[PDB]
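Colleague: First portion of the complex, with coordinates as positioned in the assembly:
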Amino acid sequence: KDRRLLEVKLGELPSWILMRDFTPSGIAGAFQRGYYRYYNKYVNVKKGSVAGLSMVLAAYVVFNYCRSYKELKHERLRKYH
Amino acid sequence: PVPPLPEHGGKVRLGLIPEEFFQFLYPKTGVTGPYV
Amino acid sequence: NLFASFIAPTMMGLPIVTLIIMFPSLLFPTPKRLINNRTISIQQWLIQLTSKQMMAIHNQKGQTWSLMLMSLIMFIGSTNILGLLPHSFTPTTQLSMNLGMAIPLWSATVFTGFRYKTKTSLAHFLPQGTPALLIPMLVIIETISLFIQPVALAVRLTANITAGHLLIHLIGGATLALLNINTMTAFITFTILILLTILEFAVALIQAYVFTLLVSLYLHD
Amino acid sequence: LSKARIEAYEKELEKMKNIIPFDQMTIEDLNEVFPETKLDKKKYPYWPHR
Amino acid sequence: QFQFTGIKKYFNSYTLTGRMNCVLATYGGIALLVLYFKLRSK
Amino acid sequence: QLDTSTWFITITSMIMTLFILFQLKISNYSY
Amino acid sequence: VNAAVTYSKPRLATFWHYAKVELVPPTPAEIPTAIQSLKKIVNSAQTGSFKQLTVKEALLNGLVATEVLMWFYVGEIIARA
Amino acid sequence: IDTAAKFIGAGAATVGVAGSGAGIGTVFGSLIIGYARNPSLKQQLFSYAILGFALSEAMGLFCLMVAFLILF
């Protein structure tokens, strides 16, 4: 049904696909929800910690590593097999 | 008239991994499961 | 090899230089309440502290430029610091945007000076006071000195960051090679020592870049 | 006249006594309660009279 | 939409002089044309 | 390496971000 | 030394009881229990299967399966020397 | 043919660091004498010294970039 995807039944996945309407909310709506879900939970408190930014920085680092794989494995490989 | 903010957010182990992942695998993996 | 990160405008099926350059803005939440959390109070305190130290010279017209200068300094400073990450791509490395930054503001200042104070703006070429009888010689000196400002203002930024990254990469390669032959932690010590200077060398460049433009604007205002 | 002025002052004091604890306050409501900054110094990012 | 009115005063008031990006555009176009000619020469 | 004559996109994106995003967020400040 | 007292002694007392209970070769008496669990798997495999269950349970099963996958990788390193 | 010329050109170009060394030596040397004038304001003079050293380093660092350019 309209419940969260982590709560929908396994056999109800095609049913929830029909319920996926308005979940993107023109794509941008889902991003609008997702930004505030994290921001209002780990940042917008009376007193936060360094954990607010470290997740984003680590995600940025891993995303950057994903791009350059082509060149690295191209020749930087040490051994064979 | 914005309501007051909560005093705390969430608890994170090692400063990078939240506690919810540890709680999720606790019944099956155990206390020391996910580190392995 | 070495010149791989620089000549790599965010390699992908579709270029994503826009995404890379617009990312830093997602770190400055806008205030929405009288009393806010800790992460934005420090930001606004820093902005207040920096504002009162630089824009406290211009009389009335230069106070209008305050927002532009603060935005510029924050943008360049945020772009430079984010580049220290292991596999980042600093947009300030490219000469294109450095050339697209200097010319507009310099032109704005130079033909703002002529519009309102043409008599005095024309006089600044000749140095104040009597310079003996060498007038024609120095008249051609300061006018050619005028045109070099944007070129240097862009080239120093384009050069220093690349030099720093080259040094870091070469020292890393050196400390990797010497693992096989003998044992020397002096190289990693050099790396960790140099990293402090490279970390604190960006903000000085931001400050110098902004301050030179502040001085240039104040001359014709 | 004095009694009218006294009643007005009593009303104003009652208004002043009832006040939000400033944690839920926004910037506009503080302008409502007390006079504060304005937008007379146009084309400014601070509007402080410098 | 609802963002033009936010900084409309700035745009029509003080950035009139700074709005002269024509020099940069002409320089970039000339440089690109020269580079294209050199590449076509081969 | 830095001169490959593909300078249009970077200039356009820098102008957009600098002259829209940062000024609008920085305007909503008090002192 | 003192850090060894505060960790390795808890490694041999706290971590020892944490792990040795859950990390030890099993008694042969549980083999019929595992076979009965295999029968549990088969019953759903023939019919029912997902039976419109929660996604979270499937995620738990997959995560434990991946943990099991890792040991085979460890064995290759052991044999490589 | 060209390898030797490029290598010797790089080796000759790398001698531009002397000016920066002399400049940074001069600035820090002036700072200690200036501080000794009055122990107050030490942070201000220190800020001036740091600015001067950074400026000299920027003015002298782009010499090695030409060497790396000729090398590759």
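Modeller: Cool, the structure landed. Residues are numbered from 1 along each chain as shown, chains lettered A, B, ... in the order given.

Colleague: So which residues on chain A come close to chain H?
Modeller: Within chain A, no position is near chain H by C-beta under 8 Å from any C-beta of the partner chain. For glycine as for every other residue, the C-beta is placed from the backbone atoms N, C-alpha and C.

Colleague: Show me where chain A has its helices.
Modeller: For chain A, the helices defined by DSSP state H cover A:13-18, A:28-42, A:51-75.

Colleague: export the second one as CSV, just CAs?
Modeller: Going back to what we said before, that points to helix A:28-42. The C-alpha trace of helix A:28-42 is given here as CSV (Å, rounded to 0.1, in the frame of the first residue of the first chain):
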residue,chain,number,x,y,z
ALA,A,28,12.5,16.7,-7.2
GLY,A,29,10.0,16.0,-4.4
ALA,A,30,11.8,12.9,-3.3
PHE,A,31,15.1,14.8,-3.1
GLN,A,32,13.2,17.5,-1.1
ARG,A,33,12.1,14.9,1.4
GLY,A,34,15.5,13.2,1.5
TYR,A,35,17.5,16.4,2.2
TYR,A,36,15.3,17.4,5.2
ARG,A,37,15.2,13.8,6.6
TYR,A,38,18.9,13.8,7.2
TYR,A,39,19.3,17.6,8.0
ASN,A,40,16.6,17.6,10.6
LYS,A,41,18.0,14.5,12.3
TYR,A,42,21.8,14.9,12.5
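
Colleague: May I see the buried residues of that helix?
Modeller: residue A:42 (16 or more other C-beta atoms under 10 Å in any protein chain shown).

Colleague: Now do it: which elements does it pack against?
Modeller: Judged by 3 or more C-beta pairs under 8 Å, 6 or more residues apart in numbering or on different chains; DSSP states H and E, helix A:28-42 is in contact with helix A:51-75.

Colleague: Surely residue H:55 touches residue C:207?
Modeller: No: with contacts counted by C-beta atoms under 8 Å, residue H:55 stays clear of residue C:207, the gap being 10.4 Å.

Colleague: May I have the secondary structure class of the residue lying closest to residue F:27 once chain neighbours are set aside?
Modeller: Leaving aside its chain neighbours, residue F:27 sits nearest to residue D:45 (5.9 Å; criterion: C-beta to C-beta, 6 or more residues apart in numbering or on different chains). Put simply, residue D:45 is coil when judged by DSSP: H, G, I helix; E, B strand; the rest coil.

Colleague: ok, residue D:45 - how many residues close by?
Modeller: 24 (other C-beta atoms under 10 Å in any protein chain shown).

Colleague: Tell me who's in contact with it.
Modeller: C:66, C:67, C:70, F:26, F:27, F:29 (C-beta atoms under 8 Å, 6 or more residues apart in numbering or on different chains).

Colleague: Distance of it relative to residue C:76?
Modeller: Relative to residue C:76, residue D:45 is positioned 18 Å away (criterion: C-beta to C-beta, to the nearest Å).

Colleague: Same question for residue H:49.
Modeller: For residue H:49, the distance to residue C:76 - C-beta to C-beta - is 23 Å.

Colleague: same deal with residue D:22?
Modeller: For residue D:22 relative to residue C:76 (C-beta to C-beta), the value is 37 Å.

Colleague: Looking at the two, which is more packed in?
Modeller: Between residue D:22 and residue C:76, counted using other C-beta under 10 Å, residue C:76 has the larger neighbour count: 21 against 11.

Colleague: Show me what the helix or strand encompassing that one is packed against.
Modeller: Under the criterion of DSSP states H and E, residue C:76 resides in helix C:66-82. In terms of contacts (3+ C-beta pairs under 8 Å, 6+ apart), helix C:66-82 is packed against helix C:38-54, helix C:186-219, helix F:23-27.

Colleague: Chain I goes on too:
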Amino acid sequence: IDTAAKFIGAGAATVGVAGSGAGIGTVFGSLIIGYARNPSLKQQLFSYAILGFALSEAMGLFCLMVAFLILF
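Modeller: Let me put chain I in with the others:
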């Protein structure tokens, strides 16, 4: 060979930029000691310093421009 000559000439041309570092170091070194003597005239001192730094950069960039022109 002619290209090799251009490369070696460009490499040897850049060595003249070392003068900028020494001049920059000297001008800034004077500002700190002078300010320390008379902490009243900050504005004129800084204006003169900026003028000196602007004028002193011309020669080194001129030599670098000559090297760039001769190489290409």
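
Colleague: Repeat for what packs on helix C:66-82, accounting for chain I.
Modeller: helix C:38-54, helix C:186-219, helix F:23-27.

Colleague: May I see the buried residues of that helix?
Modeller: Buried, per 16+ other C-beta under 10 Å, within helix C:66-82: C:66-80, C:82.

Colleague: For residue H:27, which non-adjacent residue is closest in space?
Modeller: In space, residue H:27 is closest to residue H:52, 4.2 Å off (C-beta to C-beta, 6+ apart).

Colleague: what's the spacing between the longest helix seen in chain H and its chain's center?
Modeller: Counting residues, the longest helix found in chain H (DSSP H) is helix H:42-71. Relative to its chain's centre, helix H:42-71 lies at 5 Å (C-alpha atoms, centre = their mean, to the nearest Å).

Colleague: That one - contacts with which helices or strands?
Modeller: helix C:149-177, helix C:186-219, helix H:3-13, helix H:18-37, helix I:2-13, helix I:18-37, helix I:42-71.

Colleague: Could you pick out the residues of chain B near chain C for me?
Modeller: So chain B meets chain C at B:2, B:5 (C-beta under 8 Å from any C-beta).

Colleague: need the helices for chain B, in chain order.
Modeller: According to DSSP H, the helices that chain B contains are B:19-24, B:26-29.

Colleague: Next: chain G.
Modeller: G:2-20, G:31-46, G:55-80.

Colleague: circling back: just tell me which of the helices and strands packed on helix C:66-82 ends up closest to residue E:11.
Modeller: Shortest separation from residue E:11 across the helices and strands packed on helix C:66-82 is recorded for helix F:23-27, at 10.3 Å, computed as C-beta to C-beta.

Colleague: For residue 33, give me its contacts.
Modeller: Looking at chain A here, since you left the chain open. By C-beta under 8 Å, 6+ apart, the neighbours of residue A:33 are residue A:25.

Colleague: ok, it to residue B:3 distance?
Modeller: 20 Å.

Colleague: Closest residue of chain A to chain E?
Modeller: Distances between chain A and chain E by C-beta to the nearest C-beta are smallest at residue A:28, namely 14.3 Å.

Colleague: residues near whichever residue of chain E sits closest to chain B, how many?
Modeller: Residue of chain E nearest chain B, by C-beta to the nearest C-beta: residue E:2 (21.5 Å). Using other C-beta under 10 Å, residue E:2 has 5 other residues around it.

Colleague: and if you look at residue H:49?
Modeller: Neighbours of residue H:49 (other C-beta under 10 Å): 22.

Colleague: sorry, back to before: surely the residue nearest to residue H:27 touches residue I:28?
Modeller: Yes: between residue H:52 and residue I:28 there is a contact at 3.7 Å, judged by C-beta under 8 Å.

Colleague: Indicate which one of the helices and strands packed on helix H:42-71 is closest to residue G:5.
Modeller: Judging those by C-beta to C-beta, what sits closest to residue G:5 is helix C:186-219, at 30.7 Å.

Colleague: buried sites along that closest one?
Modeller: C:187, C:201-202, C:204-210, C:212-214, C:216-218.

Colleague: which other helices and strands contact that helix?
Modeller: Against helix C:186-219 (3+ C-beta pairs under 8 Å, 6+ apart) you get helix C:38-54, helix C:66-82, helix C:95-116, helix C:149-177, helix H:42-71.

Colleague: mind listing the helices for chain E?
Modeller: Under DSSP H, chain E gives helices at E:8-13, E:22-41.

Colleague: Can you lay out those helices as CSV showing mean neighbour count and distance to residue B:14?
Modeller: CSV is the format used below for the helices of chain E (neighbours: other C-beta atoms under 10 Å in any protein chain shown; distance: least, C-beta to C-beta, whole Å):
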stretch, mean neighbour count, distance to residue B:14
helix E:8-13, 13, 46
helix E:22-41, 12, 48
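
Colleague: With that, I have no additional questions.
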